[PDB]
Amino acid sequence: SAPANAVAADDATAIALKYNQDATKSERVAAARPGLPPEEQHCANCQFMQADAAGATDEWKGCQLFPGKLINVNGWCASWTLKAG
Ligand code: SF4
């Protein structure tokens, strides 16, 4: 269920991050960051992605240093880094 403080695909911060809510429609494949292959890359397994951030819902969690807002686990951004990679 979408929080009010959802990071929208079209968020200004999202744009800066080249975030997508749905990683299967991210440029992640083009970016092909190291860690794991692009299709496995999403906020779900992003290095400093936090469940602990409060406000976090069903699909929605705290990204790294994305204050106030919550990203969708299924999403991705240019900063994506594996949990220990
Ligand atoms: S840094 Fe990670 S958790 Fe945050 S938006 Fe990017 S991929 Fe998602």
# chains A, B, ... in the order shown; residues from 1 in each chain; ligands from 1
$ residues_near_ligand --ligand "ligand 1" --cutoff "10 Å" --atoms "only C-alpha atoms and all ligand atoms" --output "PDB file with C-alpha atoms, in the first residue's frame"
ATOM      1  CA  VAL A   7       9.243   8.171  -3.380  1.00  0.00           C
ATOM      2  CA  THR A  13      15.082  13.380  -5.791  1.00  0.00           C
ATOM      3  CA  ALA A  14      14.092  10.215  -7.723  1.00  0.00           C
ATOM      4  CA  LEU A  17      18.861   9.265  -8.398  1.00  0.00           C
ATOM      5  CA  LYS A  18      17.339   7.892 -11.631  1.00  0.00           C
ATOM      6  CA  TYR A  19      15.106   5.856  -9.338  1.00  0.00           C
ATOM      7  CA  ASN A  20      12.238   3.687 -10.533  1.00  0.00           C
ATOM      8  CA  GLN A  21       9.580   2.234  -8.171  1.00  0.00           C
ATOM      9  CA  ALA A  23      13.035  -1.996 -11.104  1.00  0.00           C
ATOM     10  CA  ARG A  28      19.438  -0.844 -14.326  1.00  0.00           C
ATOM     11  CA  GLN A  41      19.305  -5.302  -8.374  1.00  0.00           C
ATOM     12  CA  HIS A  42      16.630  -3.492  -6.363  1.00  0.00           C
ATOM     13  CA  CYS A  43      16.161  -1.473  -3.125  1.00  0.00           C
ATOM     14  CA  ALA A  44      15.176  -4.824  -1.500  1.00  0.00           C
ATOM     15  CA  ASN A  45      18.882  -5.844  -1.559  1.00  0.00           C
ATOM     16  CA  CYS A  46      20.381  -2.308  -1.654  1.00  0.00           C
ATOM     17  CA  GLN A  47      23.294  -1.877   0.756  1.00  0.00           C
ATOM     18  CA  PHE A  48      21.996   0.579   3.379  1.00  0.00           C
ATOM     19  CA  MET A  49      18.287   0.018   2.659  1.00  0.00           C
ATOM     20  CA  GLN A  50      16.601   0.030   6.103  1.00  0.00           C
ATOM     21  CA  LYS A  61      11.098   0.874   3.134  1.00  0.00           C
ATOM     22  CA  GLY A  62      13.749   3.490   4.049  1.00  0.00           C
ATOM     23  CA  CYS A  63      16.498   4.132   1.469  1.00  0.00           C
ATOM     24  CA  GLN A  64      20.049   4.790   2.744  1.00  0.00           C
ATOM     25  CA  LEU A  65      19.968   8.621   3.144  1.00  0.00           C
ATOM     26  CA  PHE A  66      16.558   9.407   1.554  1.00  0.00           C
ATOM     27  CA  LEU A  70      10.149   5.729   1.592  1.00  0.00           C
ATOM     28  CA  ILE A  71      11.241   3.802  -1.536  1.00  0.00           C
ATOM     29  CA  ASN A  72       9.565   0.631  -2.776  1.00  0.00           C
ATOM     30  CA  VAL A  73      11.715  -2.520  -2.198  1.00  0.00           C
ATOM     31  CA  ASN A  74      10.971  -3.480  -5.806  1.00  0.00           C
ATOM     32  CA  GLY A  75      12.567  -0.217  -7.052  1.00  0.00           C
ATOM     33  CA  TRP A  76      16.160   0.650  -8.048  1.00  0.00           C
ATOM     34  CA  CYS A  77      18.335   3.799  -8.333  1.00  0.00           C
ATOM     35  CA  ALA A  78      21.790   4.676  -9.773  1.00  0.00           C
ATOM     36  CA  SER A  79      23.265   4.433  -6.247  1.00  0.00           C
ATOM     37  CA  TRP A  80      22.165   0.745  -5.961  1.00  0.00           C
ATOM     38  CA  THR A  81      24.919  -1.222  -4.158  1.00  0.00           C
ATOM     39  CA  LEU A  82      24.425  -4.840  -2.988  1.00  0.00           C
ATOM     40  CA  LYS A  83      23.946  -5.678   0.696  1.00  0.00           C
TER      41      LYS A  83
END
$ select_by_dssp --residues "chain A" --states "strand (DSSP E or B)" --output "count of residues only"
12
$ atom_distance --atom1 "CA of residue 38 (chain A)" --atom2 "CA of residue 9 (chain A)"
18.2 Å
$ atom_distance --atom1 "CA of residue 54 (chain A)" --atom2 "CA of residue 34 (chain A)"
29.5 Å
$ atom_distance --atom1 "CA of residue 52 (chain A)" --atom2 "CA of residue 84 (chain A)"
17.9 Å
$ select_by_dssp --residues "region 6-56 of chain A" --states "helix (DSSP H, G or I)" --output "count of residues only"
19
